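Trainee: One structure follows; several queries about it will come next.
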Amino acid sequence: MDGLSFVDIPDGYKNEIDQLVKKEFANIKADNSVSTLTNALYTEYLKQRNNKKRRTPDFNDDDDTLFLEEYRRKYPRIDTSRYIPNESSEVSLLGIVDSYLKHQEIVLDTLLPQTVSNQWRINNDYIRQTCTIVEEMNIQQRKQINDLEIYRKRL
Amino acid sequence: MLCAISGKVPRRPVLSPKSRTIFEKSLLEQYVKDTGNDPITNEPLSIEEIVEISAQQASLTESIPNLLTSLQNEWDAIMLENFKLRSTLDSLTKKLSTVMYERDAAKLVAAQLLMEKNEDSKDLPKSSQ
Amino acid sequence: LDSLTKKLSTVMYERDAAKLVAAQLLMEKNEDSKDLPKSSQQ
Amino acid sequence: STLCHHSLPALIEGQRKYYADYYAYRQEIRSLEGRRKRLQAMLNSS
């Protein structure tokens with residue numbers, strides 16, 4: 001488990017260790033009908049065609065275009081009424097929503113900092129641990145080398 | 001400011017008293033009827049336990065399109081996202097299996113090397129004699 | 001999706017962390033060989 | 001959540017790292033502790 005990150009390591013060692021890990025891997029080796037049509041639409045990459053009729057039409061048609069004509073009138077009156085209540089308020093309704101979006105944005109970046117601080121704070125605690133033990137390992141190795149030659153010089 | 005189920009910006013937000021989390025009324029009311037518990041914390045929660053707590057969208061200048069173009073895009077965007085999200089979930093489970101296998105492969109290396117190193121060190125201690 | 005990503009992230013980090021154990025271990029094992037070999041020779 | 005996890009698994013591995021080397025050191029001290037005595041007994045024969 002133990003491998004000191006702050007205290008310790010070349011790219012060659014990653015490439016080396018990867019090969020040894022690789023060799024040990026060589027050894028081991030809820031919705032209704034809605035979901036059916038939605039998954040089929042996405043898989044096939046084709047959206048279902050809508051009513052491309054109101055836009056084109058034609059004068060001196062028949063009973064069919066008499067309907068299609070009368071459709072264009074009522075929707076154009078609804079359109080012209082739908083543009084009236086927008087222009088009445090105008091830009092006030094738009095800029096009121098623009099302000100809401102600024103309150104929504106700043107909240108996210110506050111959380112970006114809160115995460116930033118606690119993430120650096122955890123790493124900060126690790127750092128001290130790494131330096132604590134790395135010294136202790138240094139102490140151990142020095143003592144190790146002392147015996148190694150001490151035992152020889154006795155013999 | 002958002003709902004904690006769909007990822008909406010709620011029109012009638014309601015907060016649960018067991019876990020302080022704001023949901024849109026329709027979506028929290030649906031969960032309680034499906035299974036009577038809080039979705040996040042899995043704690044007992046009912047419809048009466050909820051506590052109810054304005055948003056402006058400027059309808060575009062070119063607002064026919066609402067029936068044809070806008071509605072079409074909404075069910076395209078719902079369709080191709082969840083399909084792509086199902087694709088993302090499938091790969092995470094596959095990449096999970098490659099992670100755990102490579103992990104266990106490393107465990108065996110360490111275990112194999114733990115026997116190797118200390119016995120090599122032991123042999124140096126014995127050599128002196 | 002995200003709950004599996006936590007497992008993915010914790011693994012990949014811990015994998016390459018555990019990978020560095022080997023790099024260290026291998027070089028020490030290697031050091032033990034030449035040391036003993038050059039000593040046992042003489 | 002990574003650095004959170006990395007903290008918890010690392011903090012336990014260190015004691016095990018040290019304790020191994022600690023016991024590794026104890027054995028090394030014994031060889032040191034005896035090798036002297038044989039040298040010390042060279043003066044007894046003299």
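Every chain in the structure tokens takes a letter, A first, then B, and so on in the order presented; its residues are numbered from 1, and the ligands are numbered from 1 following the presented order.
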Write down, as an NGL selection string, each residue of chain C that has any atom within 7 Å of an atom of chain B, counting only C-alpha atoms.
Mentor: :C and (1 or 4-5 or 8 or 11-12 or 15 or 18-19 or 22 or 25 or 29 or 32 or 36)
Trainee: Within 8 Å of chain D, which residues belong to chain A? Use only C-alpha atoms and report them as a count of residues only.
Mentor: 19
Trainee: Based on only C-alpha atoms, which of the residues in chain A come within 12 Å of chain C? I want them as a ChimeraX atom specification.
Mentor: /A:1-6,8-22,141,145,148-149,152
Trainee: List as a PyMOL selection string the protein and nucleic acid residues near residue 45 (chain A), meaning an atom at most 10 Å away when only C-alpha atoms are counted, but skip any in the same chain fewer than 6 places from it.
Mentor: (chain A and resi 39) or (chain B and resi 76+79-80)
Trainee: Atoms to include: N, CA and C atoms. Write the selected residues as a PDB file, in the first residue's frame.
Mentor:
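Final output, saved to again_32.pdb:
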ATOM      1  N   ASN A  39     -35.395   5.294 -27.280  1.00  0.00           N
ATOM      2  CA  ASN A  39     -34.162   4.550 -27.528  1.00  0.00           C
ATOM      3  C   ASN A  39     -33.970   4.216 -29.000  1.00  0.00           C
TER       4      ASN A  39
ATOM      5  N   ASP B  76     -35.685  15.643 -29.098  1.00  0.00           N
ATOM      6  CA  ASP B  76     -34.394  15.227 -29.652  1.00  0.00           C
ATOM      7  C   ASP B  76     -33.365  15.254 -28.535  1.00  0.00           C
ATOM      8  N   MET B  79     -33.827  12.565 -26.009  1.00  0.00           N
ATOM      9  CA  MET B  79     -33.534  11.251 -26.578  1.00  0.00           C
ATOM     10  C   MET B  79     -32.029  10.963 -26.711  1.00  0.00           C
ATOM     11  N   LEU B  80     -31.318  11.850 -27.412  1.00  0.00           N
ATOM     12  CA  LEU B  80     -29.887  11.644 -27.699  1.00  0.00           C
ATOM     13  C   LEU B  80     -28.960  11.833 -26.487  1.00  0.00           C
TER      14      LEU B  80
END
Trainee: One decimal, Å: what's the distance from CA of residue 108 (chain A) over to CA of residue 23 (chain B), could you say?
Mentor: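 About the pair CA of residue 108 (chain A) and CA of residue 23 (chain B): they are 18.1 Å apart.
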Trainee: Could you pull the residues within 12 Å of residue 42 (chain A), counting only C-alpha atoms, minus those fewer than 4 positions along the same chain, as a PyMOL selection string?
Mentor: (chain A and resi 35-38+46-48) or (chain B and resi 75-87)
Trainee: Any chance you can output those residues with N, CA, C and O atoms as an mmCIF file, in the first residue's frame?
Mentor:
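Final output, saved to result-v5.cif:
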data_model
loop_
_atom_site.group_PDB
_atom_site.id
_atom_site.type_symbol
_atom_site.label_atom_id
_atom_site.label_comp_id
_atom_site.auth_asym_id
_atom_site.auth_seq_id
_atom_site.Cartn_x
_atom_site.Cartn_y
_atom_site.Cartn_z
ATOM 1 N N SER A 35 -39.981 4.651 -23.479
ATOM 2 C CA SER A 35 -38.573 4.234 -23.543
ATOM 3 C C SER A 35 -38.197 3.506 -24.848
ATOM 4 O O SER A 35 -37.055 3.600 -25.309
ATOM 5 N N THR A 36 -39.158 2.800 -25.445
ATOM 6 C CA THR A 36 -38.925 2.006 -26.652
ATOM 7 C C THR A 36 -38.702 2.884 -27.879
ATOM 8 O O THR A 36 -37.781 2.637 -28.656
ATOM 9 N N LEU A 37 -39.551 3.902 -28.034
ATOM 10 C CA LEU A 37 -39.475 4.838 -29.144
ATOM 11 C C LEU A 37 -38.347 5.851 -28.980
ATOM 12 O O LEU A 37 -37.790 6.321 -29.982
ATOM 13 N N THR A 38 -38.015 6.182 -27.728
ATOM 14 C CA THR A 38 -36.960 7.134 -27.423
ATOM 15 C C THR A 38 -35.590 6.537 -27.723
ATOM 16 O O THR A 38 -34.732 7.207 -28.311
ATOM 17 N N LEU A 46 -32.710 9.456 -36.004
ATOM 18 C CA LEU A 46 -33.782 10.053 -36.804
ATOM 19 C C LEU A 46 -34.907 10.585 -35.906
ATOM 20 O O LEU A 46 -35.511 9.831 -35.146
ATOM 21 N N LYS A 47 -35.165 11.888 -35.994
ATOM 22 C CA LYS A 47 -36.262 12.519 -35.258
ATOM 23 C C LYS A 47 -37.561 12.409 -36.062
ATOM 24 O O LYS A 47 -37.550 12.532 -37.290
ATOM 25 N N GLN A 48 -38.675 12.176 -35.366
ATOM 26 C CA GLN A 48 -39.991 12.050 -36.009
ATOM 27 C C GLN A 48 -40.437 13.372 -36.633
ATOM 28 O O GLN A 48 -40.355 14.421 -35.992
ATOM 29 N N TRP B 75 -37.502 16.954 -27.512
ATOM 30 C CA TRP B 75 -37.539 15.492 -27.509
ATOM 31 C C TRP B 75 -36.389 14.844 -28.287
ATOM 32 O O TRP B 75 -36.156 13.640 -28.152
ATOM 33 N N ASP B 76 -35.685 15.643 -29.098
ATOM 34 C CA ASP B 76 -34.394 15.227 -29.652
ATOM 35 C C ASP B 76 -33.365 15.254 -28.535
ATOM 36 O O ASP B 76 -32.677 14.258 -28.280
ATOM 37 N N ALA B 77 -33.281 16.387 -27.841
ATOM 38 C CA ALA B 77 -32.301 16.618 -26.787
ATOM 39 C C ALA B 77 -32.465 15.678 -25.600
ATOM 40 O O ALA B 77 -31.481 15.378 -24.916
ATOM 41 N N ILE B 78 -33.705 15.250 -25.332
ATOM 42 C CA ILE B 78 -33.974 14.267 -24.292
ATOM 43 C C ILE B 78 -33.533 12.876 -24.744
ATOM 44 O O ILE B 78 -32.944 12.116 -23.959
ATOM 45 N N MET B 79 -33.827 12.565 -26.009
ATOM 46 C CA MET B 79 -33.534 11.251 -26.578
ATOM 47 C C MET B 79 -32.029 10.963 -26.711
ATOM 48 O O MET B 79 -31.528 9.965 -26.185
ATOM 49 N N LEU B 80 -31.318 11.850 -27.412
ATOM 50 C CA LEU B 80 -29.887 11.644 -27.699
ATOM 51 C C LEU B 80 -28.960 11.833 -26.487
ATOM 52 O O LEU B 80 -27.797 11.420 -26.529
ATOM 53 N N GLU B 81 -29.465 12.445 -25.414
ATOM 54 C CA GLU B 81 -28.673 12.627 -24.190
ATOM 55 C C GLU B 81 -28.696 11.359 -23.337
ATOM 56 O O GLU B 81 -27.638 10.870 -22.926
ATOM 57 N N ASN B 82 -29.898 10.844 -23.071
ATOM 58 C CA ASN B 82 -30.061 9.647 -22.253
ATOM 59 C C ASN B 82 -29.454 8.407 -22.911
ATOM 60 O O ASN B 82 -28.980 7.511 -22.210
ATOM 61 N N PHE B 83 -29.517 8.353 -24.237
ATOM 62 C CA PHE B 83 -28.876 7.289 -25.004
ATOM 63 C C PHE B 83 -27.359 7.363 -24.841
ATOM 64 O O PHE B 83 -26.688 6.352 -24.673
ATOM 65 N N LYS B 84 -26.837 8.580 -24.961
ATOM 66 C CA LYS B 84 -25.410 8.862 -24.750
ATOM 67 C C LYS B 84 -25.014 8.680 -23.288
ATOM 68 O O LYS B 84 -23.870 8.335 -23.009
ATOM 69 N N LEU B 85 -25.954 8.921 -22.370
ATOM 70 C CA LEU B 85 -25.746 8.702 -20.940
ATOM 71 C C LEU B 85 -25.750 7.221 -20.587
ATOM 72 O O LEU B 85 -25.023 6.811 -19.686
ATOM 73 N N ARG B 86 -26.558 6.440 -21.302
ATOM 74 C CA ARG B 86 -26.550 4.976 -21.175
ATOM 75 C C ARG B 86 -25.234 4.402 -21.698
ATOM 76 O O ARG B 86 -24.760 3.386 -21.193
ATOM 77 N N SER B 87 -24.677 5.037 -22.730
ATOM 78 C CA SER B 87 -23.364 4.686 -23.289
ATOM 79 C C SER B 87 -22.249 4.967 -22.285
ATOM 80 O O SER B 87 -21.272 4.217 -22.223
#
Trainee: So what do you get for CA of residue 130 (chain A) versus CA of residue 7 (chain A), distance-wise?
Mentor: 6.0 Å
